[PDB]
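*Asks:* here is my input; please provide its structure:
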Amino acid sequence: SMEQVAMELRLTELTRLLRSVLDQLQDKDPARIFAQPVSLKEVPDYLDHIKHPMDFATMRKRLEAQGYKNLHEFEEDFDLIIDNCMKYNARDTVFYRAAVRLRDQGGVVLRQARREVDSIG
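*Replies:* Residues are numbered from 1 along each chain as shown. And now the structure:
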């Protein structure tokens, strides 16, 4: 139907905007701490601690399959990256501290993304 096409164009355009959002958030991680999944070869107990692992590469796979229906879903995955790290790693670590800085700097990007998503519809 023509309606289904219009919906699909809306999803495509959301995906475009989320791709730009993702690029901007990932620039706030210049150390690449969050770029890839935590390795279960290197951290064998990880899934005992963290039930829903997340990372920027996993988000990008979902994004490119158009698997985010709205900004809420995308933000849920970004918050998992941060929140998982702040639980597994202690306050005095470069990993925790990187997550705090990513959360703080990302907030700015996400605030305007929400306005754009609402504005453009």
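
*Asks:* would you mark the buried spots in the strand or helix carrying residue 110?
*Replies:* Element membership for residue 110, per DSSP states H and E: helix 94-120. By neighbour count on 16 or more other CB atoms under 10 Å, the buried set for helix 94-120 is 96, 98-99, 102-103, 106, 109-110, 113, 117. To be clear about C-beta, it is placed using only N, CA and C from the backbone, and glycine gets the same treatment.

*Asks:* rebuild these as TSV, extending it with distance to residue 17.
*Replies:* Listed next are the buried residues of helix 94-120 as TSV, based on distance: CB to CB, whole Å:
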residue	distance to residue 17
96	30
98	25
99	24
102	20
103	21
106	15
109	11
110	12
113	7
117	7
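
*Asks:* what's the closest of these to residue 76?
*Replies:* residue 110 (11.8 Å; CB to CB).

*Asks:* please name the residues that touch the closest one.
*Replies:* 21, 25, 75, 78 (CB atoms under 8 Å, 6 or more residues apart in numbering).

*Asks:* cool, and residue 103?
*Replies:* residue 82.

*Asks:* and the closest residue to residue 96 other than its chain neighbours, how far from residue 41?
*Replies:* Leaving out its chain neighbours, the residue that sits closest to residue 96 by CB to CB, 6 or more residues apart in numbering is residue 89, at 4.5 Å. For residue 89, the distance to residue 41 (CB to CB, to the nearest Å) stands at 18 Å.

*Asks:* which SSE is the residue nearest the centre of the chain in?
*Replies:* Closest residue to the average C-alpha location of the chain: residue 78 at 3.0 Å, with CA atoms, centre = their mean. Residue 78 belongs to helix 71-88 when elements are defined using DSSP H and E.

*Asks:* about what we covered before: tell me how far the residue nearest to the centre of the chain lies from residue 105.
*Replies:* Going from residue 78 to residue 105 by CB to CB gives 12 Å.

*Asks:* returning to that earlier point: which one's more surrounded, residue 89 and residue 41?
*Replies:* residue 89 (16 against 5; other CB atoms under 10 Å).

*Asks:* which residues does that one contact?
*Replies:* By CB under 8 Å, 6+ apart, the residues touching residue 89 are 95-96, 99.

*Asks:* make a markdown table from those residues and add distance to residue 83 to it.
*Replies:* Output for the contacts of residue 89, formatted as a markdown table (distance: CB to CB, whole Å):
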| residue | distance to residue 83 |
| --- | --- |
| 95 | 13 |
| 96 | 11 |
| 99 | 8 |
